[PDB]
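Q: Coordinates in query.txt, compact mmCIF, C-alpha atoms and all ligand atoms, are listed below.
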```
# COMPACT_ATOMS: atom_id res chain seq x y z
CA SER A 3 8.21 20.09 -8.20
CA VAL A 4 6.33 19.01 -11.32
CA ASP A 5 8.24 15.69 -11.08
CA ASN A 6 9.12 14.03 -7.76
CA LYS A 7 12.46 12.14 -7.64
CA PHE A 8 12.87 9.30 -5.20
CA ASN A 9 16.62 9.34 -4.79
CA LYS A 10 18.74 7.12 -2.53
CA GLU A 11 18.56 9.77 0.21
CA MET A 12 14.76 9.83 0.26
CA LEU A 13 14.45 6.05 0.13
CA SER A 14 16.88 5.74 3.03
CA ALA A 15 14.85 8.35 4.95
CA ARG A 16 11.72 6.25 4.58
CA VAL A 17 13.44 3.38 6.36
CA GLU A 18 15.00 5.52 9.06
CA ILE A 19 11.81 7.43 9.86
CA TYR A 20 9.73 4.28 9.88
CA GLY A 21 12.16 2.67 12.29
CA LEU A 22 11.96 5.44 14.93
CA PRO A 23 10.50 3.65 17.96
CA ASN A 24 8.75 6.49 19.81
CA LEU A 25 6.57 7.72 16.94
CA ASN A 26 3.04 6.44 16.73
CA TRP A 27 1.86 4.77 13.51
CA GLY A 28 -0.06 7.83 12.39
CA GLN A 29 3.05 9.96 12.65
CA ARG A 30 5.19 7.38 10.81
CA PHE A 31 2.68 7.14 7.98
CA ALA A 32 2.25 10.94 7.83
CA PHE A 33 6.00 11.40 7.43
CA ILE A 34 6.22 8.68 4.78
CA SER A 35 3.33 10.36 2.92
CA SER A 36 5.02 13.74 3.22
CA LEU A 37 8.26 12.24 1.81
CA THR A 38 6.28 10.82 -1.08
CA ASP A 39 4.68 14.16 -1.88
CA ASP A 40 7.91 16.18 -1.53
CA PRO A 41 10.99 13.97 -1.64
CA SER A 42 13.30 16.98 -1.98
CA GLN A 43 12.51 17.66 1.68
CA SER A 44 13.88 14.32 2.94
CA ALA A 45 16.62 15.76 5.14
CA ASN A 46 14.18 18.22 6.73
CA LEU A 47 11.49 15.60 7.29
CA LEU A 48 14.00 13.14 8.73
CA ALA A 49 15.26 15.86 11.11
CA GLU A 50 11.73 16.67 12.22
CA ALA A 51 10.82 12.99 12.78
CA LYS A 52 13.97 12.50 14.88
CA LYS A 53 13.13 15.59 16.98
CA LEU A 54 9.63 14.20 17.62
CA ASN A 55 11.02 10.80 18.43
CA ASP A 56 13.28 12.21 21.18
CA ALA A 57 10.49 14.41 22.53
CA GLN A 58 8.18 11.36 22.78
CA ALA A 59 10.71 9.22 24.66
CA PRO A 60 8.90 6.87 27.07
CA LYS A 61 9.23 7.70 30.78
CA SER U 2 16.19 -2.03 -2.30
CA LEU U 3 15.67 -0.16 0.98
CA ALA U 4 12.36 -1.42 2.41
CA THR U 5 10.82 -0.23 5.68
CA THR U 6 10.24 -3.05 8.16
CA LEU U 7 6.50 -3.01 7.33
CA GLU U 8 7.37 -3.63 3.66
CA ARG U 9 9.43 -6.72 4.58
CA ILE U 10 6.29 -8.63 5.60
CA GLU U 11 6.24 -11.57 3.17
CA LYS U 12 2.88 -10.96 1.53
CA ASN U 13 1.86 -8.88 -1.50
CA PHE U 14 0.43 -5.52 -0.47
CA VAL U 15 0.41 -1.82 -1.03
CA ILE U 16 -0.86 1.02 1.15
CA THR U 17 -2.25 4.21 -0.36
CA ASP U 18 -3.00 7.69 1.02
CA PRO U 19 -6.40 8.97 -0.20
CA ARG U 20 -5.48 12.53 0.78
CA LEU U 21 -2.62 12.61 -1.74
CA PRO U 22 -3.49 13.28 -5.37
CA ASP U 23 -5.01 10.21 -7.08
CA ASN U 24 -4.92 8.00 -3.91
CA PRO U 25 -1.37 6.85 -4.62
CA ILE U 26 0.90 4.14 -3.25
CA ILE U 27 2.99 5.17 -0.22
CA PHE U 28 4.15 1.66 0.88
CA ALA U 29 4.66 -1.43 -1.32
CA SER U 30 6.00 -4.77 -0.02
CA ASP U 31 9.13 -6.42 -1.42
CA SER U 32 6.91 -9.39 -2.33
CA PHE U 33 4.58 -7.11 -4.34
CA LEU U 34 7.60 -5.74 -6.25
CA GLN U 35 8.75 -9.27 -7.06
CA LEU U 36 5.28 -10.32 -8.22
CA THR U 37 4.64 -7.29 -10.41
CA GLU U 38 8.24 -6.62 -11.58
CA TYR U 39 8.03 -2.87 -10.78
CA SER U 40 10.60 -1.04 -8.68
CA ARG U 41 9.45 0.81 -5.61
CA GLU U 42 10.75 4.11 -7.08
CA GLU U 43 8.54 3.82 -10.17
CA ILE U 44 5.35 3.24 -8.17
CA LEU U 45 5.57 5.51 -5.11
CA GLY U 46 3.13 8.40 -5.61
CA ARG U 47 1.30 6.42 -8.34
CA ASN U 48 -2.21 4.97 -8.25
CA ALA U 49 -2.23 1.13 -8.46
CA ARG U 50 -4.40 1.04 -11.63
CA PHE U 51 -1.26 0.45 -13.72
CA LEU U 52 -1.64 -3.24 -12.73
CA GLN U 53 -4.62 -3.45 -15.09
CA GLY U 54 -4.61 -4.01 -18.82
CA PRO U 55 -6.80 -4.57 -21.89
CA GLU U 56 -8.44 -7.79 -20.61
CA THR U 57 -9.34 -6.45 -17.18
CA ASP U 58 -13.10 -6.47 -16.55
CA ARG U 59 -14.26 -2.83 -16.23
CA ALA U 60 -17.34 -3.72 -14.17
CA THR U 61 -15.02 -5.25 -11.57
CA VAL U 62 -12.81 -2.17 -11.60
CA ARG U 63 -15.94 0.01 -11.07
CA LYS U 64 -16.85 -2.14 -8.07
CA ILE U 65 -13.43 -1.34 -6.54
CA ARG U 66 -13.93 2.36 -7.36
CA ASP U 67 -17.36 2.40 -5.74
CA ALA U 68 -16.01 0.74 -2.57
CA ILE U 69 -13.14 3.26 -2.36
CA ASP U 70 -15.62 6.16 -2.71
CA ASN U 71 -17.69 4.53 0.08
CA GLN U 72 -14.46 4.28 2.14
CA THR U 73 -15.05 0.59 2.73
CA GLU U 74 -13.48 -2.80 2.14
CA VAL U 75 -14.03 -4.80 -1.06
CA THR U 76 -12.92 -8.18 -2.37
CA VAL U 77 -12.81 -9.03 -6.07
CA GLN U 78 -11.02 -11.21 -8.64
CA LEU U 79 -9.57 -9.50 -11.71
CA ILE U 80 -6.94 -9.82 -14.37
CA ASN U 81 -3.75 -7.90 -13.71
CA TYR U 82 -0.42 -7.62 -15.56
CA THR U 83 3.24 -7.51 -14.61
CA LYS U 84 5.44 -4.66 -15.90
CA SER U 85 6.55 -6.88 -18.81
CA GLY U 86 2.96 -7.63 -19.75
CA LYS U 87 2.40 -11.06 -18.25
CA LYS U 88 -1.19 -11.74 -17.10
CA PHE U 89 -2.11 -13.08 -13.73
CA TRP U 90 -5.36 -13.46 -11.83
CA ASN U 91 -5.45 -11.30 -8.72
CA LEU U 92 -7.75 -12.22 -5.85
CA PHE U 93 -7.69 -8.71 -4.38
CA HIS U 94 -8.79 -7.37 -1.02
CA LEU U 95 -8.98 -3.70 -0.02
CA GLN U 96 -9.62 -2.39 3.41
CA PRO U 97 -9.41 0.95 5.07
CA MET U 98 -7.06 1.70 7.93
CA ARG U 99 -8.92 3.78 10.51
CA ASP U 100 -7.86 5.79 13.56
CA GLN U 101 -9.43 5.29 16.98
CA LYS U 102 -12.22 7.70 16.10
CA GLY U 103 -13.13 5.57 13.09
CA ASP U 104 -12.04 7.91 10.30
CA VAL U 105 -10.28 6.48 7.27
CA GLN U 106 -6.59 7.36 7.17
CA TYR U 107 -5.13 4.97 4.51
CA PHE U 108 -6.11 1.94 2.43
CA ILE U 109 -4.42 -1.45 2.52
CA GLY U 110 -4.64 -3.58 -0.60
CA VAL U 111 -3.58 -7.24 -0.66
CA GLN U 112 -3.01 -9.34 -3.77
CA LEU U 113 -3.16 -13.13 -4.03
CA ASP U 114 -1.91 -14.10 -7.47
CA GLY U 115 -2.83 -17.18 -9.43
CA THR U 116 -2.70 -18.49 -12.97
CA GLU U 117 -6.38 -19.35 -12.89
CA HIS U 118 -9.65 -17.84 -11.70
CA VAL U 119 -10.57 -19.50 -8.40
CA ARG U 120 -14.00 -20.67 -7.24
CA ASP U 121 -15.76 -22.66 -4.54
CA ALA U 122 -13.53 -23.85 -1.69
CA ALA U 123 -10.34 -22.45 -3.25
CA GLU U 124 -11.95 -19.04 -3.51
CA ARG U 125 -13.25 -19.18 0.11
CA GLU U 126 -9.80 -20.17 1.34
CA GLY U 127 -8.17 -17.38 -0.64
CA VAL U 128 -10.63 -14.74 0.56
CA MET U 129 -10.03 -15.80 4.18
CA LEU U 130 -6.27 -15.64 3.67
CA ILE U 131 -6.11 -12.16 2.11
CA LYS U 132 -8.44 -10.80 4.80
CA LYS U 133 -6.12 -12.23 7.50
CA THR U 134 -3.11 -10.75 5.68
CA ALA U 135 -4.74 -7.29 5.62
CA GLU U 136 -5.61 -7.57 9.33
CA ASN U 137 -2.04 -8.62 10.11
CA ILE U 138 -0.61 -5.66 8.19
CA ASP U 139 -2.94 -3.29 10.08
CA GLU U 140 -1.87 -4.88 13.42
CA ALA U 141 1.84 -4.78 12.53
CA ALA U 142 1.59 -1.08 11.66
CA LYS U 143 -0.34 -0.14 14.80
CA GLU U 144 1.58 -2.31 17.31
CA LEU U 145 3.27 -0.64 20.25
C1 LIG O 201 -4.74 0.10 -1.46
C2 LIG O 201 -5.16 -0.12 -2.89
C3 LIG O 201 -4.64 -1.18 -3.60
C4 LIG O 201 -5.03 -1.49 -4.88
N1 LIG O 201 -4.47 -2.56 -5.54
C5 LIG O 201 -4.91 -2.86 -6.83
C6 LIG O 201 -4.44 -4.02 -7.46
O1 LIG O 201 -3.70 -4.85 -6.92
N2 LIG O 201 -4.84 -4.26 -8.74
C7 LIG O 201 -5.71 -3.40 -9.39
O2 LIG O 201 -6.06 -3.67 -10.55
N3 LIG O 201 -6.23 -2.28 -8.77
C8 LIG O 201 -5.82 -2.04 -7.49
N4 LIG O 201 -6.31 -0.92 -6.87
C9 LIG O 201 -7.36 -0.08 -7.53
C10 LIG O 201 -6.96 1.10 -8.35
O3 LIG O 201 -6.00 1.81 -7.61
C11 LIG O 201 -8.17 2.00 -8.58
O4 LIG O 201 -8.85 2.19 -7.35
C12 LIG O 201 -9.19 1.41 -9.55
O5 LIG O 201 -8.56 1.18 -10.81
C13 LIG O 201 -10.43 2.31 -9.68
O6 LIG O 201 -10.05 3.67 -9.96
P1 LIG O 201 -9.86 4.24 -11.46
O7 LIG O 201 -11.14 3.99 -12.24
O8 LIG O 201 -9.54 5.72 -11.26
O9 LIG O 201 -8.69 3.52 -12.07
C14 LIG O 201 -5.92 -0.64 -5.54
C15 LIG O 201 -6.44 0.45 -4.84
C16 LIG O 201 -6.06 0.73 -3.53
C17 LIG O 201 -6.66 1.91 -2.82
CL CL O 202 -8.22 5.00 -6.08
CU CU O 203 -15.31 -16.02 -9.76
```
In structure tokens, write the structure found in this file.

A:
Amino acid sequence: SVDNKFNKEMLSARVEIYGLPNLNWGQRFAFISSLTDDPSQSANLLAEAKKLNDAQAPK
Amino acid sequence: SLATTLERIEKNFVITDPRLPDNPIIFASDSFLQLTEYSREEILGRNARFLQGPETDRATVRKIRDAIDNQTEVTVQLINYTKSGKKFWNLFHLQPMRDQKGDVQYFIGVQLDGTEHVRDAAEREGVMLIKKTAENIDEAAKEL
């Protein structure tokens, strides 16, 4: 998009992704940066972060 | 409105991503929004230079620019402006956030606002404080 819109959905996704406990800081920041660069992809990015979070569950 | 937990730390800061166009803001604390009067939505994806204005010293701004190009920390004092145009002095500290290998990933920038330019002991105290704040933000982000 020539003009990124930071709608309620994207802003909520920032919080939810950041709060995932099993991501490392680099991954959290990378997802937040990706949301910033393409906020239309919030649902997809949130889904991917949640998948990674479950995969990285501590054992 | 919706701040990440990192952005709820009660200090003025932003974090930028130098691999996005124009090294733009990707995190901004609630305190920073209150100080500057901007919303988070109107500054995400934007470079922090909008805080400057006509009275800002350009030599000081070039010092910041040179440090960013070096990928290093810097500390300066410069005039900044709220969204409505109100001046404040900003004792400003930048420092890179690195990975374990030492490569720069992001920049943290911390602002200590005042009505007056600070010097001597007050300046030393302020410089110590903003450096500690930046270190604490880095630690909070990286903590396990
Ligand atoms: C993390 C970070 C925070 C910054 N915070 C401020 C700030 O509080 N006030 C300001 O005047 N400039 C701040 N800057 C500097 C501007 O973003 C920019 O680097 C500076 O104006 C030099 O670049 P330019 O000549 O392209 O504007 C910050 C930069 C970074 C990377
Ligand atoms: Cl920059
Ligand atoms: Cu001085």

Q: Measuring between all atoms listed in the file, which one of U:70, U:42, U:140, U:8 shows the shortest distance to chain A?

A: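 Closest residue, counting all atoms listed in the file: U:42.
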
Q: Residues of chain A within 7 Å of chain U, counting all atoms listed in the file, what are they? List them as number ranges by chain.

A: A: 8, 13-14, 16-17, 20, 27, 34-35, 38

Q: Select the residues contacting ligand CU 203 (chain O) at a distance of at most 10 Å, based on all atoms listed in the file, then format the selection as a PyMOL selection string.

A: chain U and resi 77-79+92+118-121+124

Q: Residues within 8 Å of ligand LIG 201 (chain O) should be enumerated using only C-alpha atoms and all ligand atoms and returned as an MDAnalysis selection string.

A: chainID U and resid 14:19 23:26 48:53 57 62:67 69 79:81 91 93:96 107:112

Q: Place a sphere of radius 7 Å on (6.4, 4.2, 10.8) in the file coordinates and name every protein, DNA or RNA residue with an atom inside or on its surface, counting all atoms listed in the file; give the answer as a ChimeraX atom specification.

A: /A:19-21,27,29-31

Q: Between atom CA of residue 138 of chain U and atom CA of residue 10 of chain U, what is the distance in Å, rounded to a tenth?

A: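 These atoms are spaced 7.9 Å apart.
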
Q: So that I can check the surroundings of residue 43 of chain A, please list as a PyMOL selection string every protein, DNA and RNA residue that reaches within 12 Å of it, counting only C-alpha atoms and ignoring chain neighbours fewer than 2 positions away.

A: chain A and resi 3+6-9+11-13+15-16+33-41+45-50

Q: For the selection you just gave me, I'd like the residues written to a file as an mmCIF file, keeping the file's coordinate frame, keeping C-alpha atoms.

A:
```cif
data_model
loop_
_atom_site.group_PDB
_atom_site.id
_atom_site.type_symbol
_atom_site.label_atom_id
_atom_site.label_comp_id
_atom_site.auth_asym_id
_atom_site.auth_seq_id
_atom_site.Cartn_x
_atom_site.Cartn_y
_atom_site.Cartn_z
ATOM 1 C CA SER A 3 8.210 20.090 -8.200
ATOM 2 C CA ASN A 6 9.120 14.030 -7.760
ATOM 3 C CA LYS A 7 12.460 12.140 -7.640
ATOM 4 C CA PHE A 8 12.870 9.300 -5.200
ATOM 5 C CA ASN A 9 16.620 9.340 -4.790
ATOM 6 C CA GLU A 11 18.560 9.770 0.210
ATOM 7 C CA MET A 12 14.760 9.830 0.260
ATOM 8 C CA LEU A 13 14.450 6.050 0.130
ATOM 9 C CA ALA A 15 14.850 8.350 4.950
ATOM 10 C CA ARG A 16 11.720 6.250 4.580
ATOM 11 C CA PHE A 33 6.000 11.400 7.430
ATOM 12 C CA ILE A 34 6.220 8.680 4.780
ATOM 13 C CA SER A 35 3.330 10.360 2.920
ATOM 14 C CA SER A 36 5.020 13.740 3.220
ATOM 15 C CA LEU A 37 8.260 12.240 1.810
ATOM 16 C CA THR A 38 6.280 10.820 -1.080
ATOM 17 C CA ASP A 39 4.680 14.160 -1.880
ATOM 18 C CA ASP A 40 7.910 16.180 -1.530
ATOM 19 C CA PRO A 41 10.990 13.970 -1.640
ATOM 20 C CA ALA A 45 16.620 15.760 5.140
ATOM 21 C CA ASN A 46 14.180 18.220 6.730
ATOM 22 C CA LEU A 47 11.490 15.600 7.290
ATOM 23 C CA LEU A 48 14.000 13.140 8.730
ATOM 24 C CA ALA A 49 15.260 15.860 11.110
ATOM 25 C CA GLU A 50 11.730 16.670 12.220
#
```

Q: Which value, in Å to one decimal, gives the distance between atom CA of residue 82 of chain U and atom CA of residue 4 of chain A?

A: 27.8 Å

Q: Choose the residue, out of U:36, U:90, U:104, U:97, that has the smallest atom-to-atom separation from ligand CL 202 (chain O); count only C-alpha atoms and all ligand atoms.

A: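 When distances to ligand CL 202 (chain O) are compared using only C-alpha atoms and all ligand atoms, the smallest one comes from U:97.
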